[PDB]
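Student: File name data.txt; file contents compact mmCIF, C-alpha atoms; full text below.
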# COMPACT_ATOMS: atom_id res chain seq x y z
CA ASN S 28 168.76 211.97 118.78
CA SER S 29 168.80 215.45 117.25
CA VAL S 30 170.90 217.98 115.34
CA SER S 31 170.57 221.73 115.98
CA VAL S 32 170.08 223.95 112.91
CA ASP S 33 170.60 227.74 113.00
CA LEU S 34 167.82 229.84 111.48
CA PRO S 35 167.10 233.55 110.76
CA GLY S 36 166.23 235.78 113.76
CA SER S 37 168.64 233.82 115.99
CA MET S 38 166.08 230.98 116.01
CA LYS S 39 167.11 227.29 116.25
CA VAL S 40 165.33 224.06 115.18
CA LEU S 41 166.11 220.46 116.27
CA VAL S 42 165.76 217.78 113.57
CA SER S 43 165.77 213.98 113.86
CA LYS S 44 168.81 212.13 112.41
CA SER S 45 166.73 209.57 110.50
CA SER S 46 163.10 209.43 109.33
CA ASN S 47 160.40 207.97 111.61
CA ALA S 48 157.84 205.17 111.07
CA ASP S 49 156.91 206.80 107.75
CA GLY S 50 159.32 208.78 105.57
CA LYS S 51 159.17 211.81 107.91
CA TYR S 52 161.68 213.67 110.13
CA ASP S 53 160.71 215.15 113.53
CA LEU S 54 161.11 218.90 114.22
CA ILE S 55 161.19 220.86 117.54
CA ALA S 56 161.81 224.56 118.24
CA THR S 57 161.10 227.01 121.03
CA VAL S 58 159.94 230.44 119.82
CA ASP S 59 159.06 233.17 122.32
CA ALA S 60 159.15 230.55 125.08
CA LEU S 61 156.60 228.27 123.38
CA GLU S 62 157.65 224.84 122.17
CA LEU S 63 156.52 224.02 118.64
CA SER S 64 156.68 220.64 116.91
CA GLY S 65 156.09 219.07 113.51
CA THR S 66 157.33 216.63 110.90
CA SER S 67 158.90 216.97 107.45
CA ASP S 68 159.72 214.95 104.36
CA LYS S 69 163.10 216.73 104.51
CA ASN S 70 166.14 216.37 106.81
CA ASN S 71 167.58 219.88 106.93
CA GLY S 72 165.41 221.75 109.43
CA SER S 73 162.81 223.01 107.01
CA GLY S 74 159.08 222.48 107.27
CA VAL S 75 156.19 223.43 109.51
CA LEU S 76 156.00 223.33 113.31
CA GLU S 77 152.97 224.18 115.40
CA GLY S 78 151.98 224.88 118.97
CA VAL S 79 149.10 226.24 121.02
CA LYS S 80 149.34 229.06 123.53
CA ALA S 81 147.76 228.96 127.00
CA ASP S 82 144.90 231.10 125.64
CA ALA S 83 144.17 228.64 122.76
CA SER S 84 145.84 230.76 120.02
CA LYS S 85 147.44 228.64 117.35
CA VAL S 86 151.09 229.24 116.45
CA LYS S 87 152.58 228.07 113.14
CA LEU S 88 156.25 228.34 112.19
CA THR S 89 157.16 227.73 108.54
CA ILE S 90 160.86 227.37 107.73
CA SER S 91 161.64 227.71 104.04
CA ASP S 92 163.21 224.79 102.17
CA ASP S 93 166.56 226.58 101.87
CA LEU S 94 166.47 227.78 105.50
CA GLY S 95 166.74 231.41 104.36
CA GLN S 96 163.38 232.54 105.78
CA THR S 97 161.08 231.93 108.72
CA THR S 98 157.37 232.81 108.88
CA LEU S 99 155.77 232.83 112.33
CA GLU S 100 151.97 233.13 112.27
CA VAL S 101 149.68 233.44 115.25
CA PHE S 102 146.01 232.61 114.67
CA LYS S 103 142.87 232.65 116.72
CA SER S 104 141.76 229.27 118.11
CA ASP S 105 140.04 228.63 114.75
CA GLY S 106 143.53 228.17 113.22
CA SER S 107 142.70 230.51 110.37
CA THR S 108 141.94 234.08 111.51
CA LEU S 109 145.29 235.88 111.70
CA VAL S 110 146.44 237.69 114.81
CA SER S 111 150.00 238.40 113.70
CA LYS S 112 152.60 237.36 111.12
CA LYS S 113 156.36 237.83 111.29
CA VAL S 114 158.59 237.02 108.31
CA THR S 115 162.36 237.15 108.90
CA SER S 116 165.16 236.64 106.39
CA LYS S 117 168.76 235.52 106.74
CA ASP S 118 169.85 239.06 105.82
CA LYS S 119 168.14 240.37 108.99
CA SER S 120 165.27 242.18 107.22
CA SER S 121 161.78 241.40 108.49
CA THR S 122 158.15 242.30 108.17
CA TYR S 123 155.69 242.19 111.07
CA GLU S 124 151.94 242.42 110.54
CA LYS S 125 149.23 242.75 113.18
CA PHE S 126 145.60 242.10 112.34
CA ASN S 127 142.27 243.21 113.78
CA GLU S 128 139.59 240.97 115.32
CA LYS S 129 138.31 240.17 111.81
CA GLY S 130 141.81 239.06 110.78
CA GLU S 131 142.32 242.08 108.49
CA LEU S 132 145.62 244.01 108.34
CA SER S 133 145.81 246.74 110.99
CA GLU S 134 149.53 247.53 111.37
CA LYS S 135 152.57 246.68 109.31
CA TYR S 136 156.24 247.14 110.19
CA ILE S 137 159.00 246.64 107.61
CA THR S 138 162.53 246.61 108.95
CA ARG S 139 165.32 246.57 106.41
CA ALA S 140 168.81 245.12 106.84
CA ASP S 141 170.24 248.66 106.89
CA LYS S 142 167.83 249.55 109.75
CA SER S 143 165.68 251.89 107.68
CA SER S 144 162.05 251.08 108.25
CA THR S 145 158.42 251.78 107.57
CA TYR S 146 155.34 251.54 109.73
CA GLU S 147 151.74 251.84 108.51
CA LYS S 148 148.50 251.79 110.50
CA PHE S 149 145.18 251.09 108.78
CA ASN S 150 141.75 251.93 110.08
CA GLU S 151 138.64 249.72 110.26
CA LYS S 152 137.90 250.50 106.58
CA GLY S 153 141.45 249.46 105.62
CA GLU S 154 142.54 253.00 104.85
CA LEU S 155 145.90 254.46 105.83
CA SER S 156 145.66 256.36 109.07
CA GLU S 157 149.36 256.72 110.03
CA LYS S 158 152.68 256.32 108.21
CA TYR S 159 156.11 256.52 109.81
CA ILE S 160 159.21 256.26 107.60
CA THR S 161 162.67 256.08 109.14
CA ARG S 162 165.75 256.56 106.92
CA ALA S 163 169.11 254.86 107.30
CA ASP S 164 170.51 257.99 108.95
CA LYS S 165 167.72 257.91 111.61
CA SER S 166 165.91 260.92 110.18
CA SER S 167 162.18 260.21 109.94
CA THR S 168 158.78 261.43 108.81
CA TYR S 169 155.57 260.61 110.70
CA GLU S 170 152.24 261.50 109.10
CA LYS S 171 148.72 261.08 110.52
CA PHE S 172 145.69 261.12 108.24
CA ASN S 173 142.18 261.98 109.34
CA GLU S 174 138.90 260.29 108.30
CA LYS S 175 138.84 262.35 105.07
CA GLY S 176 142.19 260.77 104.11
CA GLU S 177 143.88 264.13 104.45
CA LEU S 178 147.09 264.95 106.26
CA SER S 179 146.30 266.18 109.77
CA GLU S 180 149.72 266.16 111.48
CA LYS S 181 153.29 265.78 110.35
CA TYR S 182 156.38 265.32 112.40
CA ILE S 183 159.80 265.48 110.71
CA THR S 184 162.92 264.58 112.71
CA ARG S 185 166.32 265.22 111.22
CA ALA S 186 169.48 263.22 111.71
CA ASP S 187 170.82 266.04 113.98
CA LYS S 188 167.69 265.69 116.17
CA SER S 189 166.21 269.02 115.17
CA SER S 190 162.60 268.61 114.14
CA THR S 191 159.41 270.23 112.90
CA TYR S 192 155.86 269.41 113.91
CA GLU S 193 153.00 270.80 111.83
CA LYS S 194 149.24 270.60 112.35
CA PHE S 195 147.00 271.15 109.31
CA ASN S 196 143.50 272.49 109.11
CA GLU S 197 140.65 271.52 106.78
CA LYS S 198 142.01 273.85 104.05
CA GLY S 199 145.33 272.00 104.02
CA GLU S 200 147.05 275.02 105.59
CA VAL S 201 149.55 274.84 108.47
CA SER S 202 147.66 275.99 111.61
CA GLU S 203 150.41 275.31 114.19
CA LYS S 204 154.12 274.73 113.79
CA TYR S 205 156.66 273.73 116.40
CA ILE S 206 160.37 273.90 115.44
CA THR S 207 162.95 272.32 117.75
CA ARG S 208 166.49 273.40 117.01
CA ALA S 209 169.49 271.11 117.19
CA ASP S 210 170.44 272.84 120.49
CA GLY S 211 167.05 271.99 122.06
CA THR S 212 165.59 275.50 121.96
CA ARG S 213 162.17 275.81 120.30
CA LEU S 214 159.93 278.09 118.25
CA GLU S 215 156.17 277.68 118.65
CA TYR S 216 153.77 279.25 116.12
CA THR S 217 150.08 278.94 116.89
CA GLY S 218 146.77 280.24 115.53
CA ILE S 219 148.32 280.63 112.09
CA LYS S 220 145.91 282.31 109.67
CA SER S 221 145.67 282.20 105.85
CA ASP S 222 148.00 285.18 105.56
CA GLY S 223 150.68 283.33 107.50
CA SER S 224 150.35 285.48 110.63
CA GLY S 225 150.06 284.00 114.10
CA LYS S 226 151.34 283.97 117.65
CA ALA S 227 155.02 283.17 118.31
CA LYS S 228 156.99 281.94 121.32
CA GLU S 229 160.69 281.27 121.56
CA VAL S 230 161.50 278.76 124.25
CA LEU S 231 165.03 279.36 125.58
CA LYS S 232 167.07 278.04 128.48
CA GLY S 233 165.54 279.76 131.47
CA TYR S 234 162.82 281.88 129.84
CA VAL S 235 160.31 282.18 127.02
CA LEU S 236 160.01 285.20 124.72
CA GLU S 237 156.62 285.91 123.22
CA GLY S 238 155.40 287.84 120.20
CA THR S 239 154.00 287.41 116.73
CA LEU S 240 154.66 285.91 113.32
CA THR S 241 154.01 287.75 110.06
CA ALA S 242 155.07 286.90 106.54
CA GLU S 243 157.93 289.39 107.04
CA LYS S 244 159.40 288.10 110.29
CA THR S 245 158.99 286.67 113.81
CA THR S 246 159.06 289.48 116.41
CA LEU S 247 159.50 288.66 120.09
CA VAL S 248 158.84 291.50 122.51
CA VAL S 249 159.88 292.32 126.12
CA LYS S 250 158.44 295.47 127.72
CA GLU S 251 159.59 297.23 130.89
CA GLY S 252 158.19 300.65 131.79
CA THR S 253 158.20 302.76 128.65
CA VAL S 254 160.94 300.55 126.98
CA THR S 255 160.17 297.93 124.38
CA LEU S 256 162.85 295.46 123.31
CA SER S 257 162.12 293.62 120.07
CA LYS S 258 164.01 290.55 118.82
CA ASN S 259 163.36 289.93 115.14
CA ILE S 260 164.02 286.65 113.35
CA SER S 261 163.94 286.78 109.55
CA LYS S 262 162.77 283.99 107.20
CA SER S 263 166.34 282.66 106.92
CA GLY S 264 166.85 282.73 110.65
CA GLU S 265 168.76 286.00 110.94
CA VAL S 266 168.48 287.71 114.33
CA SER S 267 168.30 291.50 114.74
CA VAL S 268 167.31 293.47 117.82
CA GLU S 269 165.84 296.92 118.37
CA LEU S 270 164.83 299.01 121.33
CA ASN S 271 162.41 301.93 121.60
CA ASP S 272 161.60 304.05 124.67
CA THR S 273 158.74 306.60 124.83
CA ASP S 274 160.34 308.35 127.89
CA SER S 275 160.81 312.05 127.09
CA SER S 276 163.42 312.90 129.74
CA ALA S 277 167.08 313.26 128.75
CA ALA S 278 167.98 312.03 132.23
CA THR S 279 166.36 308.64 131.80
CA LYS S 280 165.38 307.87 128.18
CA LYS S 281 167.04 304.75 126.71
CA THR S 282 168.19 304.46 123.11
CA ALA S 283 170.04 301.56 121.56
CA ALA S 284 172.22 300.72 118.57
CA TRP S 285 172.40 297.25 116.98
CA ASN S 286 175.68 295.93 115.53
CA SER S 287 174.85 293.00 113.27
CA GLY S 288 178.53 292.02 113.04
CA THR S 289 178.90 291.49 116.77
CA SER S 290 175.22 290.62 117.44
CA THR S 291 175.29 293.27 120.19
CA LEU S 292 172.71 295.85 121.23
CA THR S 293 174.37 298.78 123.00
CA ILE S 294 172.05 300.83 125.25
CA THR S 295 172.72 304.57 125.94
CA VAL S 296 171.09 306.92 128.46
CA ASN S 297 171.82 310.67 128.64
CA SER S 298 174.62 310.47 126.02
CA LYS S 299 176.48 307.64 127.93
CA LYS S 300 176.60 303.96 127.00
CA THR S 301 175.22 301.92 129.91
CA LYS S 302 175.33 298.30 128.79
CA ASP S 303 175.86 295.82 125.98
CA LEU S 304 173.35 292.96 125.42
CA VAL S 305 174.99 290.27 123.29
CA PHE S 306 172.72 287.79 121.52
CA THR S 307 175.13 284.93 121.31
CA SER S 308 175.61 282.00 118.95
CA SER S 309 174.42 279.72 121.76
CA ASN S 310 170.91 281.33 121.76
CA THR S 311 171.70 283.03 125.03
CA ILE S 312 171.85 286.67 125.99
CA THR S 313 174.67 288.26 128.03
CA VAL S 314 174.75 291.63 129.73
CA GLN S 315 177.79 293.74 130.51
CA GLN S 316 177.91 297.25 132.01
CA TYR S 317 179.93 300.29 131.01
CA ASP S 318 181.92 302.46 133.38
CA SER S 319 180.45 305.69 134.71
CA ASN S 320 182.08 307.59 131.80
CA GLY S 321 180.07 305.47 129.37
CA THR S 322 183.10 304.55 127.29
CA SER S 323 184.61 301.24 128.49
CA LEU S 324 183.04 297.95 129.44
CA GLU S 325 183.73 296.82 132.98
CA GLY S 326 183.76 293.42 134.73
CA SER S 327 182.69 290.40 132.70
CA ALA S 328 179.59 289.67 130.64
CA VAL S 329 176.96 287.76 132.60
CA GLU S 330 174.52 285.25 131.05
CA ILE S 331 170.83 285.98 131.54
CA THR S 332 168.98 283.05 133.16
CA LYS S 333 165.46 284.44 133.64
CA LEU S 334 163.05 286.88 132.03
CA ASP S 335 163.19 289.26 134.98
CA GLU S 336 166.89 289.82 134.24
CA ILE S 337 166.11 290.98 130.73
CA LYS S 338 163.54 293.36 132.21
CA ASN S 339 166.10 294.55 134.76
CA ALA S 340 168.49 295.44 131.92
CA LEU S 341 165.74 297.62 130.41
CA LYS S 342 165.06 299.68 133.54
For the structure just supplied, provide its representation as structure tokens.
Tutor:
Amino acid sequence: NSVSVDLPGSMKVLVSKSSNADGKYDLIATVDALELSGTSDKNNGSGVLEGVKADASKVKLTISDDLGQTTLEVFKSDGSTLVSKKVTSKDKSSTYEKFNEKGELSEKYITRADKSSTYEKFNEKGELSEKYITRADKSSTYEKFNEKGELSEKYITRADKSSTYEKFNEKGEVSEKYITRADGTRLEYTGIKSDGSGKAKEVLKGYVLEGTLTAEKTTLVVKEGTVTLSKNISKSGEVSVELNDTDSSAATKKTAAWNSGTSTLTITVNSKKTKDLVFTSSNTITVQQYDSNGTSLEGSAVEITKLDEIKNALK
């Protein structure tokens, strides 16, 4: 009786071989497990098919004359208030719209053939409330707008899966910023003031370092007894480390020297080197002891896995 015709979106339509009682051809398709039917002046698979869901929603499939596009609309039982609309082309691009109870646009998804995409959400006044743009390389930007139409949050994801999240205040200033590195470690800046100062945390494998942000740098601080270890991160991401001890006894006071070339802090007590702390390219810290003479490293460097081990190194 029928001939199967391939359509966009992997859809198929069955068409009658020869026109019915009038000059019309019969059409049947199943879309999302609902069987739709209609008739057409034409013989190629094009035309309009309709069905009704179990909840009385009306479904209308329009296949373009040249078979290059399908439009699938879902309406309320009135047959005219839109619930959703999906348009799909032979090149695999599509647009999908969702509507509110009044049949006004509430969400729109555009998917391109190269897999880039856009998503927009609109509020009850039809104003943009969210926008999410994804590029062909899978990087993306997601913005949320408040009721004043101003940017409230922004999340940027890069192709290498690093990302930045920013919250904005009523002055349009960044009030919080979370940076995830490509290795999964994180910087968290909170309570950021108009001078660009705020609280800072660095979230590492096994421990979190805490400190402050100023225009000049991020400074993360670990204290143990009278010793303060400070890890500085410059605006371009350069790490330097310093140590200060208020101990006044030659027997026990720590001092330290930083070698930028080897990213190593060498600690000395009573004119003898005691240990090297290496701040590695993997965002880890290793510790290695010197011999009793204070001149040669012994054993192997050991990776720090908890904050108490950093404090132990400072004792």
Student: Counting all atoms listed in the file, figure out which residue out of S:278, S:235, S:79, S:283 gets nearest to residue S:249.
Tutor: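 Residue with the minimum atom-to-atom distance to residue S:249: S:235.
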Student: Using all atoms listed in the file, pick whichever of S:340, S:132, S:314, S:183 has the shortest atom-to-atom distance to residue S:205.
Tutor: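 The shortest atom-to-atom distance to residue S:205 comes from S:183.
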Student: Pick the closest to residue S:281 from S:261, S:202, S:310, S:341: which is it, counting only C-alpha atoms?
Tutor: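 Once distances to residue S:281 are computed over only C-alpha atoms, the minimum belongs to S:341.
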Student: Do a neighbour search on residue S:210 at 12 Å with only C-alpha atoms, toss out local chain neighbours closer than 4 positions, and write the hits as an NGL selection string.
Tutor: :S and (187-190 or 206 or 214 or 230-232 or 308-311)
Student: Near residue S:75, within 8 Å and counting all atoms listed in the file, which residues show up once chain neighbours fewer than 6 positions away are dropped, as a PDB file with C-alpha atoms, in the coordinates of the input?
Tutor:
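Contents of the output file part-v6.pdb:
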ATOM      1  CA  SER S  64     156.680 220.640 116.910  1.00  0.00           C
ATOM      2  CA  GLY S  65     156.090 219.070 113.510  1.00  0.00           C
ATOM      3  CA  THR S  66     157.330 216.630 110.900  1.00  0.00           C
ATOM      4  CA  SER S  67     158.900 216.970 107.450  1.00  0.00           C
ATOM      5  CA  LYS S  87     152.580 228.070 113.140  1.00  0.00           C
ATOM      6  CA  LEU S  88     156.250 228.340 112.190  1.00  0.00           C
ATOM      7  CA  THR S  89     157.160 227.730 108.540  1.00  0.00           C
ATOM      8  CA  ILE S  90     160.860 227.370 107.730  1.00  0.00           C
TER       9      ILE S  90
END
Student: Give the answer as one residue: which of S:295, S:108, S:133, S:289 has the shortest atom-to-atom distance to residue S:272, using only C-alpha atoms?
Tutor: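 Distance minimum relative to residue S:272 lands on S:295.
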Student: Residues within 12 Å of residue S:338, please, as a list in words. Count all atoms listed in the file; anything in the same chain fewer than 2 positions from it doesn't count.
Tutor: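 Neighbouring residues, sequence-local ones excluded: residues 234, 236, 248, 249, 250, 251, 252, 253, 254, 255, 256, 304, 314, 331, 332, 333, 334, 335, 336, 340, 341 and 342 of chain S.
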Student: Could the residues in this selection be saved with C-alpha atoms as a CSV table (one decimal), in the coordinates of the input?
Tutor:
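The resulting selection-v1.csv:
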chain,number,residue,atom,x,y,z
S,234,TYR,CA,162.8,281.9,129.8
S,236,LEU,CA,160.0,285.2,124.7
S,248,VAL,CA,158.8,291.5,122.5
S,249,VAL,CA,159.9,292.3,126.1
S,250,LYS,CA,158.4,295.5,127.7
S,251,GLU,CA,159.6,297.2,130.9
S,252,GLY,CA,158.2,300.6,131.8
S,253,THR,CA,158.2,302.8,128.6
S,254,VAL,CA,160.9,300.6,127.0
S,255,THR,CA,160.2,297.9,124.4
S,256,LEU,CA,162.8,295.5,123.3
S,304,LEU,CA,173.4,293.0,125.4
S,314,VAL,CA,174.8,291.6,129.7
S,331,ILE,CA,170.8,286.0,131.5
S,332,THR,CA,169.0,283.0,133.2
S,333,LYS,CA,165.5,284.4,133.6
S,334,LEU,CA,163.0,286.9,132.0
S,335,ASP,CA,163.2,289.3,135.0
S,336,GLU,CA,166.9,289.8,134.2
S,340,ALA,CA,168.5,295.4,131.9
S,341,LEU,CA,165.7,297.6,130.4
S,342,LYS,CA,165.1,299.7,133.5
Student: Please list as a VMD selection string every residue within 9 Å of residue S:317, counting only C-alpha atoms and excluding residues in the same chain fewer than 6 positions away.
Tutor: chain S and resid 299 to 303 323 to 326
Student: Could you check which of S:164, S:112, S:155, S:139 is closest to residue S:177, using all atoms listed in the file?
Tutor: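 Ranking S:164, S:112, S:155, S:139 by distance to residue S:177, first place goes to S:155.
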Student: What does the structure give for the distance between atom CA of residue S:161 and atom CA of residue S:134, in Å to one decimal?
Tutor: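 Separation between atom CA of residue S:161 and atom CA of residue S:134: 15.8 Å.
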Student: Step by step, gather every atom of stretch 47-63 of chain S that the file lists, find the box along x, y and z that holds them, add 4 Å on each side, and finally give centre and edge lengths in Å to one decimal, as JSON.
Tutor:
{"center_x": 159.2, "center_y": 219.2, "center_z": 115.3, "size_x": 13.3, "size_y": 36.0, "size_z": 27.5}
Student: Which neighbours of residue S:91 fall inside 12 Å, counting only C-alpha atoms, when residues of the same chain fewer than 5 positions from it are skipped, and could you give them as a list in words?
Tutor: residues 34, 35, 67, 69, 71, 72, 73, 74, 75, 76, 96, 97, 98, 99, 114, 115, 116 and 117 of chain S
Student: So the first atom is atom CA of residue S:107 and the second is atom CA of residue S:92; what is the distance between them in Å, to one decimal place?
Tutor: 22.8 Å
Student: Report, in Å to a single decimal, how far apart atom CA of residue S:83 and atom CA of residue S:109 are.
Tutor: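 Interatomic distance here is 13.3 Å.
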Student: Hey, can you pull every residue with an atom no more than 7 Å from (161.9, 253.4, 102.5), using all atoms listed in the file, and send it as a PyMOL selection string?
Tutor: chain S and resi 143-145+160+162
Student: Nearest to residue S:237 among S:111, S:138, S:217, S:322, with distances taken over only C-alpha atoms: which residue is it?
Tutor: S:217
